[PDB]
């Protein structure tokens, strides 16, 4: 009683699949973070009476977030680590794998509980992204494509926008991005502190 919900991956990456620098983001793009926050937080009106989304993230990503911004507010946060240690935790769930997270989530927020899960997002680590791309339930990438070869030292693990992956991964119409996301979303290049970036949505049949 586990594999009912698909997973969505959300990432901002350069054209050379760069995602990370010295354990942080290699840009500072306030509107891109606003998009990330709205997408990961958005629940249909009828359902936000008790439903919330889930953000699953790697322990190095969790450590990368400024303390003022943990746990990611208004979403259920779950940190994936092989080391059942202590992320001294507000209510900070921890699991040793992406499947252990889902089990913990379905156990914790059951069809009877006061808080109910709406959508489930994987928000990073390269290492956690790698696990997600291998997961049979993952069917959607909310990608922010950043059009600058920004120097990075951590890379998204699977070239999903490249030719070799084009039979599996398909980029959806911008109107299809909107209603999945449930809001008007800028179409085309956005410019914030020197780079062009744009919002994309890719899917892969289960």
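Positions refer to the first chain, counted from 1.
Remark: stretch with higher mean C-alpha B factor among 105-113 and 128-136 is 105-113.
Between the stretches 196-204 and 1-9, it is 1-9 that shows the larger average CA temperature factor. In this entry, the residue among 69, 37, 144, 167 with the greatest C-alpha B factor is 69. Residue 183 sits in the highest third of its chain by CA B factor, as recorded in the PDB entry. Residue 163: CA B factor lies in the lowest third for its chain, per the PDB record. Among the modelled residues of its chain, residue 78 has a C-alpha B-factor that falls in the middle third according to the deposited record. In the deposited entry, the Cα temperature factor of residue 27 sits in the middle third of values across the chain's modelled residues. Sort the chain's modelled residues by C-alpha temperature factor and residue 33 lands in the middle third, per the entry.
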